[PDB]
Amino acid sequence: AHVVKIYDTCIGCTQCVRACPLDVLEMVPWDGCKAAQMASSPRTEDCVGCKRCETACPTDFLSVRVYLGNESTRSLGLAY
Amino acid sequence: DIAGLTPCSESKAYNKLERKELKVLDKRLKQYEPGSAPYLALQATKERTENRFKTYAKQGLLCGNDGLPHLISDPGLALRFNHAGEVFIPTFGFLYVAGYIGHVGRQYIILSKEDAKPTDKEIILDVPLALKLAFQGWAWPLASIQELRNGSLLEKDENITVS
Amino acid sequence: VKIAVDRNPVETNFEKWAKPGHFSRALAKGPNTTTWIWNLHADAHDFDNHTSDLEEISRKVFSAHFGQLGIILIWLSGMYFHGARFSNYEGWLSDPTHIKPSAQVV
Amino acid sequence: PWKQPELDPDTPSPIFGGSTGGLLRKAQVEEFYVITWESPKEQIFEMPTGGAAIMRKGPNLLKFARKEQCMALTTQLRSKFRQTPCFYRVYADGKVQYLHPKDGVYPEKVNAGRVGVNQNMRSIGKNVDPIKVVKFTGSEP
Amino acid sequence: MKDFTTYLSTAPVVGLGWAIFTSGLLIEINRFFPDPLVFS
Amino acid sequence: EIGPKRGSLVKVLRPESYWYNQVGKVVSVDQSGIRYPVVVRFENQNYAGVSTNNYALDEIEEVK
Ligand code: CLA
Ligand code: CLA
Ligand code: CLA
Ligand code: CLA
Ligand SMILES: CC1=C(/C=C/C(C)=C/C=C/C(C)=C/C=C/C=C(C)/C=C/C=C(C)/C=C/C2=C(C)CCCC2(C)C)C(C)(C)CCC1
Ligand SMILES: CC1=C(/C=C/C(C)=C/C=C/C(C)=C/C=C/C=C(C)/C=C/C=C(C)/C=C/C2=C(C)CCCC2(C)C)C(C)(C)CCC1
Ligand code: SF4
Ligand code: SF4
């Protein structure tokens, strides 16, 4: 039940998508960049809060932010 | 005198502390022979101890009821009652040395940054340049006020802020 | 089973003494932060991370172990020497119970 | 993809003696995940929970309790052996859901069908202070 | 030799020479002139 | 030409940036209508280790 918002400064590196283990992020076409790509966060219900996505964004300041919030079974990474 | 402190010459506990510290060595000196090296070592320590006590008394120090010398910090009382060498004068002896270190390091930083690859110059120093600046810093207060009155000391809002 | 040796693999010179961080690919670039300094002294003796070759890791290890022996032997010789010139061994030998050892005069 | 592949719950599993990192009571009650892939030969691979196992030529199937345990295995197979796995989500009610290649193409490659979600059209920062939204939830949305 | 002098110009080697200077200077200034506290 | 010249130094004005009120070389500029075309390169690294970032026209100004 975490929140993931991507901002206007994305450049279509795809490094955020490759890093997330839980497949929260995917690439969508867009007209704002040279690469003509942008990220997205359709399924944040599966988000866990590892912040590997933030680690990979090479911008001056991040085009991706994970705002932590209410927890859940999927978010807490509980096998039980 | 001042602050209810006696001079160290007139104090009794000051001389009591001298007779004590010498008695320890005399007892320790009895064990060894006259012409041996342990005897010469202790006699020298005895000679130094006798010199430490008389020199502190000669210097117009102030000893308290415990018998130990006290220092005075206000330059007014220090100059009025002749206790300036204690604190007031060494204050200027340090600041001359401390500013020496700043004026030197500040110049090495500025000059290496005017060239290519200044990062290498920090881990691998230019020793000829460092010695040159280190022997040119005898008159750092002149250069500081020269650089302040000129305005090339401080930077002007070309620095990073956070908000 | 037999002996096997490779002749003159490495040249001996102070060229790499001037270039710290040569062992690692990341550190050979140079410092832009002070973190490069801590990583230098840390990753220095992690030979497994420098290179994948098991042979080079073996050459480095077998030769570094010779260093610890030399470091030990001057330490051990120091105790014998400091015990010879700056000690009371001959006096303690004649009256061991009452006399105490000493080898570090100040 | 062209069409979602439905689950074949009866396929051969790898040769694995067993371990203690398997499924717990949560799986039967809440949900569990299963992964499928197709190998060309018999190989050995590291399991996320436990040790090593031997794949089988043809389809293979595993059961896991977490999505990360499954995607951890996809990254191993896509890199080491260069395969194309696909995994689902199974609830206690028997319902099945097809998750990861939801469009058939992996997420790191674009596709025209996808639609953006949670896309702010502003720079990071450049957003209202919390005082403006003091009595309801959210400064970023 | 150019590389040897460069190694000697590194930070810790230059710091070692500094330390022997400042330390030996202070010690010998306390070997002679023993026990200063007041400056004349 | 839309923007600053190639190889020209410019000063940044993003408040968020590690390089704010700091100078960097212009690596390139795109003239296809992108929101953040101006590519800039600095010598000093940021906290992550990146020394480049695409800035906008309004966010950059002349040196010093
Ligand atoms: C048991 C101690 C020991 C031993 C055997 C080694 C062995 C080694 N270290 Mg290591 N190291 C040690 C302790 C030790 N280290 C410690 C405590 C640190 C600090 C964290 C380091 C930090 C370190 C770094 C950062 C690096 C090494 C490197 C090396 C290799 C370099 C060998 C070389 O150039 O020949 C040395 C040759 C000699 C002849 C030895 C004597 C040289 C003397 C000291 C003359 C120079 C002194 C100079 C004139 C100034 C002082 C004079 C006087 C006061 C002594 C080798 C595997 C380097 C490497 O490439 O490893 C992969 C490297 O980059 N080490
Ligand atoms: C993680 C923390 C960290 C670390 C590891 C460092 C590390 C370093 N900093 Mg640094 N710094 C830090 C945090 C840190 N800093 C912070 C938080 C700040 C505040 C912003 C600074 C601000 C700062 C400044 C402003 C400077 C450094 C400098 C340095 C370098 C010092 C090298 C040195 O002392 O020269 C070697 C040691 C000496 C004592 C030099 C002495 C030279 C004398 C004159 C030679 C004379 C002796 C002679 C040659 C030998 C004769 C011997 C004979 C008798 C036998 C070193 C790389 C300095 C630099 O750039 O390097 C030069 C510098 O100017 N730092
Ligand atoms: C009788 C033969 C013999 C002897 C005495 C040794 C002795 C030793 N070997 Mg060894 N070794 C041998 C055969 C031998 N080896 C064979 C046949 C192989 C290959 C199969 C190896 C491969 C081997 C490796 C890979 C390593 C050793 C190491 C060591 C040392 C361990 C350090 C220790 O425990 O402190 C005891 C220390 C001492 C007793 C100090 C004495 C030191 C002197 C110089 C050694 C003298 C013996 C020497 C081997 C004789 C031949 C040298 C001659 C050709 C010049 C020790 C000196 C380690 C090493 O090199 O550490 C430095 C190490 O890593 N050995
Ligand atoms: C032999 C083992 C050994 C040891 C103990 C050290 C220890 C150190 N190295 Mg190092 N180094 C080694 C081997 C070793 N190195 C080898 C083999 C190499 C490859 C040539 C290097 C290359 C290297 C580089 C390139 C640098 C160091 C630096 C440093 C210092 C870290 C900076 C710090 O904390 O001060 C922080 C200091 C300040 C913030 C202000 C300056 C004040 C300092 C402390 C005064 C000088 C200290 C003096 C060197 C101490 C005497 C030496 C001591 C080990 C006995 C630290 C003293 C860094 C440094 O600047 O050293 C000073 C640095 O940039 N090392
Ligand atoms: C005298 C005395 C005293 C008094 C004091 C006082 C009280 C004072 C005050 C003072 C103050 C109130 C002041 C403040 C201000 C400060 C400042 C402002 C400083 C300056 C600095 C600077 C600016 C810098 C420096 C430098 C460096 C860092 C490096 C480069 C160069 C130089 C060196 C310059 C007492 C009694 C205590 C003690 C004794 C003596
Ligand atoms: C011995 C002798 C002598 C002399 C010598 C000399 C060389 C002199 C001295 C020297 C000097 C020159 C000294 C100095 C001293 C110093 C001092 C005395 C210091 C102290 C310190 C202080 C003052 C501190 C304070 C403080 C505090 C407490 C807190 C706050 C901070 C401060 C830091 C400020 C002669 C010749 C007669 C000879 C015989 C013997
Ligand atoms: S990591 Fe950030 S900059 Fe890179 S493609 Fe994803 S959103 Fe854009
Ligand atoms: S924190 Fe982890 S799971 Fe959540 S969006 Fe970032 S990379 Fe994906």
# chains A, B, ... in the order shown; residues from 1 in each chain; ligands from 1
$ interface_residues --of "chain C" --to "chain E" --cutoff "8 Å" --atoms "only C-alpha atoms" --output "list in words"
residues 14, 15, 17 and 18 of chain C
$ interface_residues --of "chain B" --to "chain E" --cutoff "12 Å" --atoms "only C-alpha atoms" --output "number ranges by chain"
B: 44-45, 47-62, 69-72, 82-91, 93, 120-131
$ residues_near_ligand --ligand "ligand 8" --cutoff "10 Å" --atoms "only C-alpha atoms and all ligand atoms" --output "PyMOL selection string"
(chain A and resi 1-5+15-26+40-41+43-56+64-68+75) or (chain D and resi 68)
$ residues_around --residues "residue 25 of chain C" --least-positions-apart "6" --cutoff "12 Å" --atoms "only C-alpha atoms" --output "list in words"
residues 40, 43, 49, 50 and 51 of chain C
$ select_by_dssp --residues "chain C" --states "helix (DSSP H, G or I)" --output "NGL selection string"
:C and (15-18 or 35-42 or 47-50 or 54-85 or 89-94)
$ residues_around --residues "residue 80 of chain D" --least-positions-apart "3" --cutoff "12 Å" --atoms "only C-alpha atoms" --output "ChimeraX atom specification"
/D:43-46,73-77,83-84
$ interface_residues --of "chain F" --to "chain C" --cutoff "10 Å" --atoms "only C-alpha atoms" --output "ChimeraX atom specification"
/F:43-47,49
$ write_last_selection --atoms "N, CA and C atoms" --output "PDB file, in the first residue's frame"
ATOM      1  N   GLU F  43      32.404  18.959 -12.974  1.00  0.00           N
ATOM      2  CA  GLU F  43      33.540  18.174 -12.513  1.00  0.00           C
ATOM      3  C   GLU F  43      33.216  17.461 -11.209  1.00  0.00           C
ATOM      4  N   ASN F  44      32.604  18.169 -10.268  1.00  0.00           N
ATOM      5  CA  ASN F  44      32.285  17.592  -8.972  1.00  0.00           C
ATOM      6  C   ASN F  44      31.115  16.624  -9.088  1.00  0.00           C
ATOM      7  N   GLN F  45      31.236  15.482  -8.423  1.00  0.00           N
ATOM      8  CA  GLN F  45      30.164  14.507  -8.380  1.00  0.00           C
ATOM      9  C   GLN F  45      29.092  14.927  -7.385  1.00  0.00           C
ATOM     10  N   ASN F  46      27.906  14.361  -7.565  1.00  0.00           N
ATOM     11  CA  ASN F  46      26.843  14.463  -6.585  1.00  0.00           C
ATOM     12  C   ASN F  46      27.006  13.341  -5.562  1.00  0.00           C
ATOM     13  N   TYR F  47      25.985  13.147  -4.730  1.00  0.00           N
ATOM     14  CA  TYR F  47      26.088  12.158  -3.667  1.00  0.00           C
ATOM     15  C   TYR F  47      26.054  10.742  -4.223  1.00  0.00           C
ATOM     16  N   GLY F  49      27.067   9.792  -7.406  1.00  0.00           N
ATOM     17  CA  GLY F  49      28.221   9.570  -8.262  1.00  0.00           C
ATOM     18  C   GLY F  49      28.030  10.038  -9.687  1.00  0.00           C
TER      19      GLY F  49
END
$ select_by_dssp --residues "chain F" --states "strand (DSSP E)" --output "list in words"
residues 9, 10, 11, 12, 23, 24, 25, 26, 27, 28, 38, 39, 40, 41, 52, 53, 54, 55, 60 and 61 of chain F
$ write_last_selection --atoms "N, CA, C and O atoms" --output "mmCIF file, in the first residue's frame"
data_model
loop_
_atom_site.group_PDB
_atom_site.id
_atom_site.type_symbol
_atom_site.label_atom_id
_atom_site.label_comp_id
_atom_site.auth_asym_id
_atom_site.auth_seq_id
_atom_site.Cartn_x
_atom_site.Cartn_y
_atom_site.Cartn_z
ATOM 1 N N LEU F 9 29.919 27.670 -20.644
ATOM 2 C CA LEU F 9 29.630 27.470 -19.234
ATOM 3 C C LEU F 9 28.372 28.237 -18.845
ATOM 4 O O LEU F 9 28.109 29.327 -19.360
ATOM 5 N N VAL F 10 27.587 27.661 -17.932
ATOM 6 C CA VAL F 10 26.360 28.282 -17.446
ATOM 7 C C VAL F 10 26.191 27.958 -15.969
ATOM 8 O O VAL F 10 26.781 27.012 -15.446
ATOM 9 N N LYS F 11 25.356 28.755 -15.307
ATOM 10 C CA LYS F 11 25.090 28.633 -13.879
ATOM 11 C C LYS F 11 23.678 28.109 -13.675
ATOM 12 O O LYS F 11 22.747 28.539 -14.361
ATOM 13 N N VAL F 12 23.525 27.200 -12.714
ATOM 14 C CA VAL F 12 22.268 26.496 -12.513
ATOM 15 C C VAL F 12 21.393 27.268 -11.535
ATOM 16 O O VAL F 12 21.894 28.016 -10.686
ATOM 17 N N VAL F 23 28.643 26.129 -11.552
ATOM 18 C CA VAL F 23 28.947 26.325 -12.964
ATOM 19 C C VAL F 23 29.286 24.978 -13.588
ATOM 20 O O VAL F 23 29.897 24.121 -12.939
ATOM 21 N N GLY F 24 28.895 24.798 -14.844
ATOM 22 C CA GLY F 24 29.178 23.569 -15.558
ATOM 23 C C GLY F 24 29.171 23.791 -17.054
ATOM 24 O O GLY F 24 28.556 24.728 -17.563
ATOM 25 N N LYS F 25 29.870 22.903 -17.758
ATOM 26 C CA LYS F 25 29.949 22.985 -19.210
ATOM 27 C C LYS F 25 28.686 22.435 -19.853
ATOM 28 O O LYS F 25 28.145 21.413 -19.423
ATOM 29 N N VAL F 26 28.234 23.103 -20.909
ATOM 30 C CA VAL F 26 27.100 22.641 -21.701
ATOM 31 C C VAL F 26 27.630 21.587 -22.668
ATOM 32 O O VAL F 26 28.472 21.871 -23.520
ATOM 33 N N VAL F 27 27.123 20.361 -22.531
ATOM 34 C CA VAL F 27 27.562 19.260 -23.384
ATOM 35 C C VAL F 27 26.797 19.278 -24.701
ATOM 36 O O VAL F 27 27.353 19.008 -25.769
ATOM 37 N N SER F 28 25.500 19.559 -24.635
ATOM 38 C CA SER F 28 24.662 19.528 -25.823
ATOM 39 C C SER F 28 23.323 20.170 -25.505
ATOM 40 O O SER F 28 22.972 20.381 -24.343
ATOM 41 N N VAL F 38 18.720 21.028 -22.170
ATOM 42 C CA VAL F 38 20.112 21.416 -21.981
ATOM 43 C C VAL F 38 20.834 20.387 -21.128
ATOM 44 O O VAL F 38 20.526 20.213 -19.944
ATOM 45 N N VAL F 39 21.829 19.734 -21.719
ATOM 46 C CA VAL F 39 22.677 18.767 -21.035
ATOM 47 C C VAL F 39 23.903 19.509 -20.531
ATOM 48 O O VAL F 39 24.540 20.255 -21.283
ATOM 49 N N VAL F 40 24.236 19.296 -19.262
ATOM 50 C CA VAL F 40 25.321 19.997 -18.589
ATOM 51 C C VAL F 40 26.183 18.962 -17.883
ATOM 52 O O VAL F 40 25.668 17.949 -17.399
ATOM 53 N N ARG F 41 27.488 19.216 -17.833
ATOM 54 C CA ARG F 41 28.447 18.335 -17.179
ATOM 55 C C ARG F 41 29.290 19.145 -16.208
ATOM 56 O O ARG F 41 29.813 20.205 -16.567
ATOM 57 N N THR F 52 26.460 14.522 -14.536
ATOM 58 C CA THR F 52 25.712 15.151 -15.614
ATOM 59 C C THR F 52 24.233 15.180 -15.266
ATOM 60 O O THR F 52 23.751 14.379 -14.461
ATOM 61 N N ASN F 53 23.517 16.117 -15.880
ATOM 62 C CA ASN F 53 22.080 16.220 -15.700
ATOM 63 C C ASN F 53 21.518 17.195 -16.719
ATOM 64 O O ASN F 53 22.133 18.214 -17.039
ATOM 65 N N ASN F 54 20.335 16.867 -17.223
ATOM 66 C CA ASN F 54 19.642 17.687 -18.199
ATOM 67 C C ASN F 54 18.842 18.763 -17.478
ATOM 68 O O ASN F 54 17.970 18.452 -16.662
ATOM 69 N N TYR F 55 19.143 20.021 -17.785
ATOM 70 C CA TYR F 55 18.460 21.175 -17.227
ATOM 71 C C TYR F 55 17.681 21.891 -18.322
ATOM 72 O O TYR F 55 17.798 21.565 -19.505
ATOM 73 N N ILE F 60 18.799 27.726 -16.245
ATOM 74 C CA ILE F 60 20.208 28.074 -16.410
ATOM 75 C C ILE F 60 20.330 29.554 -16.741
ATOM 76 O O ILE F 60 19.433 30.145 -17.353
ATOM 77 N N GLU F 61 21.447 30.153 -16.336
ATOM 78 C CA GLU F 61 21.737 31.556 -16.582
ATOM 79 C C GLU F 61 23.233 31.703 -16.831
ATOM 80 O O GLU F 61 24.011 30.766 -16.633
#
$ residues_near_ligand --ligand "ligand 3" --cutoff "10 Å" --atoms "only C-alpha atoms and all ligand atoms" --output "list in words"
residues 1, 2, 3, 58, 59, 60, 61, 62, 63, 64, 65, 66, 67, 68, 69, 70, 72 and 73 of chain C
$ residues_around --residues "segment 96-103 of chain B" --least-positions-apart "5" --cutoff "10 Å" --atoms "only C-alpha atoms" --output "PyMOL selection string"
chain B and resi 90-91+108+133-134+136-141+143-144
$ atom_distance --atom1 "atom 5 (C, counted along the ligand's line) of ligand 6" --atom2 "atom CA of residue 22 of chain E"
17.6 Å
$ residues_near_ligand --ligand "ligand 7" --cutoff "7 Å" --atoms "only C-alpha atoms and all ligand atoms" --output "count of residues only"
20
$ closest_atom_pairs --of "chain C" --to "chain B" --cutoff "12 Å" --atoms "only C-alpha atoms" --output "JSON lines"
{"residue": "C:17", "atom": "CA", "partner": "B:124", "partner_atom": "CA", "distance": 11.0}
{"residue": "C:18", "atom": "CA", "partner": "B:124", "partner_atom": "CA", "distance": 8.1}
{"residue": "C:19", "atom": "CA", "partner": "B:124", "partner_atom": "CA", "distance": 9.3}
{"residue": "C:20", "atom": "CA", "partner": "B:123", "partner_atom": "CA", "distance": 9.4}
{"residue": "C:21", "atom": "CA", "partner": "B:123", "partner_atom": "CA", "distance": 11.8}
{"residue": "C:28", "atom": "CA", "partner": "B:120", "partner_atom": "CA", "distance": 11.9}
{"residue": "C:29", "atom": "CA", "partner": "B:120", "partner_atom": "CA", "distance": 10.7}
{"residue": "C:30", "atom": "CA", "partner": "B:120", "partner_atom": "CA", "distance": 7.5}
{"residue": "C:31", "atom": "CA", "partner": "B:119", "partner_atom": "CA", "distance": 6.4}
{"residue": "C:32", "atom": "CA", "partner": "B:119", "partner_atom": "CA", "distance": 6.7}
{"residue": "C:33", "atom": "CA", "partner": "B:119", "partner_atom": "CA", "distance": 9.0}
{"residue": "C:34", "atom": "CA", "partner": "B:119", "partner_atom": "CA", "distance": 10.1}
{"residue": "C:36", "atom": "CA", "partner": "B:123", "partner_atom": "CA", "distance": 10.8}
{"residue": "C:37", "atom": "CA", "partner": "B:123", "partner_atom": "CA", "distance": 9.2}
{"residue": "C:105", "atom": "CA", "partner": "B:38", "partner_atom": "CA", "distance": 11.3}
{"residue": "C:106", "atom": "CA", "partner": "B:41", "partner_atom": "CA", "distance": 11.2}
$ closest_residue --among "D:71, D:35, D:126, D:139" --to "chain B" --atoms "only C-alpha atoms"
D:126
$ interface_residues --of "chain A" --to "chain F" --cutoff "6 Å" --atoms "only C-alpha atoms" --output "mmCIF file with C-alpha atoms, in the first residue's frame"
data_model
loop_
_atom_site.group_PDB
_atom_site.id
_atom_site.type_symbol
_atom_site.label_atom_id
_atom_site.label_comp_id
_atom_site.auth_asym_id
_atom_site.auth_seq_id
_atom_site.Cartn_x
_atom_site.Cartn_y
_atom_site.Cartn_z
ATOM 1 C CA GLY A 32 8.600 14.468 -23.668
ATOM 2 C CA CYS A 33 12.040 12.868 -23.990
ATOM 3 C CA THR A 59 18.987 12.533 -12.513
ATOM 4 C CA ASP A 60 20.185 15.489 -10.476
#
$ atom_distance --atom1 "atom CA of residue 25 of chain D" --atom2 "atom CA of residue 86 of chain D"
24.5 Å
